[PDB]
Structure formats: structure tokens, C-alpha cells
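Both blocks below hold the same protein chain, though in two forms, and each is given as C-alpha cells: structure 1 and structure 2.
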Structure 1
């Protein structure tokens, strides 16, 4: 018996008086105490909706309904929100497409563009290893790759992760981006071969034959991995996927590979590279999930496990905008002497 009903009732009482800042803390607290508490989700939805935060209200109702599909108070409200959410999400994909288009208006040989592209190349390597706890600094990663000399006082393992990423990004940018044709299984194993080849050569480029623990999660049985990965690459080359928005498609491709967890190590890194391969193949620039976005990343992945991928997609879309804003942050300004 969760003792959050107390918290929910006070929240409703505060809301009645109009102490809304005290209400949402009691709402948040009620779902801290019981995250699967239908009345608190539903009531906190209505709350959010009164403040015109439609996406949150809709998330909350959608959570309530994944737990209790027949909860009539939620069913009625999510009918009203779902269409307005589709609208809001669609307008954000338009602003991103705006910035992509402006970025792809820059002549290919532009120097400023050349320099920020290679600056952000080291940024993407730094963030994709640092988000997992790799203690190497940006300047250390540039040092390792520009020269070929190991950084003093940093483990071999950390530095091989960096070289490994570099080896993988070469292979994608050289081979797979330009290449007309299907994204085969062999492509995904080849990325993983390079990602992990310097740290764990034995496992580098082959699927796990064992069960794994990923925190409190247990991904699919190793005998389902082969089946589910063949459904994945079939979906990657399918007509439905090309029917999706490319950012939407890239986000789903990423989440699916994370969920399947087909390798022992380097699923995260291997699926952040696949995401970028998908975006680039569609004419979109590759993107970075910054180190400091670790919590947001975990939480949106967790929301995707609890039956709602939309927050994850929105997350990837915001990361896409933040990349474009950076590329655009190198554009011409009037000046004379």
C-alpha cells in the first residue's frame, strides 16, 4: 500500500486553492512514491493540460493507459490531446528541416564549414565515450588522433575506445554513407568490429551467445537476437521506414538496437553511429548526444522501455537542432575597416 494517496489528495487540494507550484511538487512526489499510480498520472495530466503543456498531459495519460488501458478518465482525455501532439511534433520537425536546408545551401568547399565539421568530429568522439565514463578530455582525444602517441596517465583501454570510434567513423564516412544499397547485417557487425576491435578483439564484430544484465533490465534471449536483428535490418530497408521522417527513423533505429542489445559491449556507441549513418544517408548531418545530457538520455530510453518512444524521438530531434545551430553558428557577418 503506497502512501502517495496522501500526496495526490494534497496536490488536488493545493490545485483547488491555486497553489500550483506546491501542487506539481506533490504530483511529482506522488509519482516518485508510485510511478505506476494511474489516478496521480491522470490527475497530473489534467493539471499539465490546464497550463497548456499538451505533450506532458498526453505523456501522462498515455502512461496511465499503458498500465490501465480501460481507465475511462484517461481514454477520454488522450482522445483530445493525441491529435494536438501529432501537430506540435510535426511543427518541430519543420524547424529542423528548415536548418538542414540552410546548412545544405552552403557551398561544399566553404572553409568555415570545413573547419567546424572537423572541430565537431572530435566533439562527437569525446561525447560518445565520455557519456559512458571514458575520462579522456577533448584535447587528449585530438592529441591521440592528430599524432599517434598515447596520453601519459590514462589507461590503454580508454585510448583504444577512442581509436576504435575513429576507425568506425572512417568506415561509415568512406564506405557506407556514399553506398547505394541495403544496410546489411554485415554493416552493423563491421561498425562494431571497428568500435570494439582495439579493446576486445575476440568479441569485436560478433553477436553475444549469452544472456546479459543491463542494470535492472535483461535484453532478449541470445537465440532471439539473431531473429530480432534480421527483423531490424529488414525494417531498415523497408518501405515503412522511408515513409517515416528521417529524424524519427534514425531515433527508432537507435532505440531498437539499444533494446535488442545484440553485443556484450559497445551497443550504445554502435547504435549512436548507426543513428548518424541513417541521418547522413538521408542528407541530414550527423549529431551528438553531449556528455552532460546523460540523465535526459537514460530517462527518455527508460520512457521508451515503459511503452512510449515519442520522448526519445523528441530528444534525438533536439540533439539534431543543437548540431545544426552549431554548424549555422559559423555563417557570414558584415564588417569593414
Structure 2
């Protein structure tokens, strides 16, 4: 309905100007012209909740969610499944928590743990670059970082991606992990400047100024990148984010940064480092997303884009358990 659309737009204009009596008449008129107008129902629900009429607000929200008979079935079924899913999810976080406490309890000065921590360091670097076509083997990566001699018959681009990761991981471990205070845009840029610096030092440490496309994702317009990065870091240091389970917080921080995708390149590597910083600050070890999990990683990211991030959190939770099981397995004494 063209009149329903018009009635809602004026209803919202009257709401901003503080004419609530006129806004209500127009909300009612929008629903008279189109009873199944989702926008007007949801928006009139928000208006009703502001006036502290909870029953009416709930009626309008529920009406908007259940237009057709198949929506009604979806709601009654979802209301049944949600509690069971909440239980399954909560269980999996408590299972991770127990394994974290077992890893943390082990003395920092342990012969076994030190070897594992040293070996898994190169595993993360390997998987973080190999997941997007870096053909360097694990022994080659160690050679590059331990000796600082280049390997033969492998591109300087591939090897400078490894050097950049090592530089970024050192910076975090020494400077940021134990640093008490808020994480700022500058800190993210400092990580990115090291991650991409050795490959593209021109673009390393500054936002993109062009439109791009990441897989099946449409990231923000370059002119809106900076505002969304300000809103992002505001959330990072919010009380809401502090309450979240570290794995949930680390997963959300990861997804939000690759959604904004504020750099021309190195967005994945940067967002995975920020994920591990948050976990390390919370007392968890650094986790790895293996190159074998690329399709799963992309699938849960595409699901997150279309408005369900829970699969991505669950995916990061799986990657966390796998990392902990690897540390706990090395009790070979």
C-alpha cells in the first residue's frame, strides 16, 4: 500500500518532532491501509514500549513475526527449540571452561607445556596464511623465523606474510596482552601495520578508500569505514562485551572486524589476531582455525552476514576445544 508507506513515514516524522498524539493516529492509519505492514507493526510496537504499554508492544511485535501460517509454525517451533539450543550451547562453554582451568593450572615453567607452546606457535602462523593459498610448509616457516634466511623457490610475498604474522604476534604478546586499559583504533592499526607491512607497507596500517567485495559479503562504503570502526572499538570496551563469555566476545570481535573489512587486505589475519588477544587477556591460550576448515569458516561467516552469528560462535568454540585438547594431549610424561 502506497498510503500505508506514507502514513508510517509521517508517523515517524511526528515521533521525532515529539507529537505522539498525531504519531499514534498515523500508526493506526498505516495498519488500517495494510494490516500486515511489518515495518508499521514493529515501529508502532517500539512506540508502544516507550509509553510503557508492554502488552500492546508485545501484540504488535508478535503480529509482525506471524503474518502467514508458516510464520506461526516457525514461532511455536522456535520457542520449543531455543531452550534446548541454549542448554546445548551453555554445556559446550562450561566444557571449554573446565579444559581452560586444567591448562591454566599446569605450572608455567613445565618442560612438556613449553615444547607444545613453541610447536603450536608455528602451527597458528602456518594455518592463518595457508587458509588463503600460502603454499609454505611448516618446516619452511620455522626456517624463515628461526634463521632469518629466505627459502628457495618460494615467492618473497609468501615469506613476508609469515615474517609479518611473527612481528604482529610478538607485538601483541609483549605489548598488548598484559597492557591494562581500553583497546583503540590505533592498537588495531599497529597490529595491521606489522601483519601486512612486509608485503604492502603503503597500505599496511591505514583504512581502504575504495569499494571492495569479500566472498559473498558486501562490506561498508570506504566513507563509512571510520565511523563503524569508532562504533566497533566503543563496543570492544563496553560493559556489555565484558559480561560476555570470552569465547563469545572473541568470536563477535573477530566477525565484526571482517564484516567492516576496513583494510584493502590482511583483514582475516588481523581479525584472528584480535580474537586471540581477547582470549589471552581473559586467560585462554591462542586458538587456531585450520586451513582444512576453510569452507566451514566461510559457511558460518555467510550465515552471520544473513543475521545468525550463533553458528560462527559455535565454530570458534569448536576451534577453541581442538586447541585445548592439543595442549592437554601433550601430557606425554
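Residue numbers count along the first chain shown, from 1. Throughout, rigid core stands for the largest set of C-alpha atoms superposing within 1.5 Å between the two forms.
Relative to the larger rigid part, the smaller one rotates by how many degrees between structures 1 and 2? Spelled out, the smaller domain pivots 176 degrees relative to the larger domain.
After superposing on the rigid core, what is the C-alpha displacement of residue 201 between structures 1 and 2, in Å? Comparing between structures 1 and 2 after core fitting, residue 201 shifts 0.3 Å at its C-alpha.
### Task
Could you check how much the CA of residue 210 shifts between structures 1 and 2 after a rigid core fit, in angstrom?
Residue shift at the C-alpha: 1.1 Å.
**Message:** I need the CA movement of residue 65 between structures 1 and 2 once the rigid core is aligned, reported in Å.
**Reply:** In the core superposition between structures 1 and 2, the C-alpha of residue 65 moves 7.6 Å.
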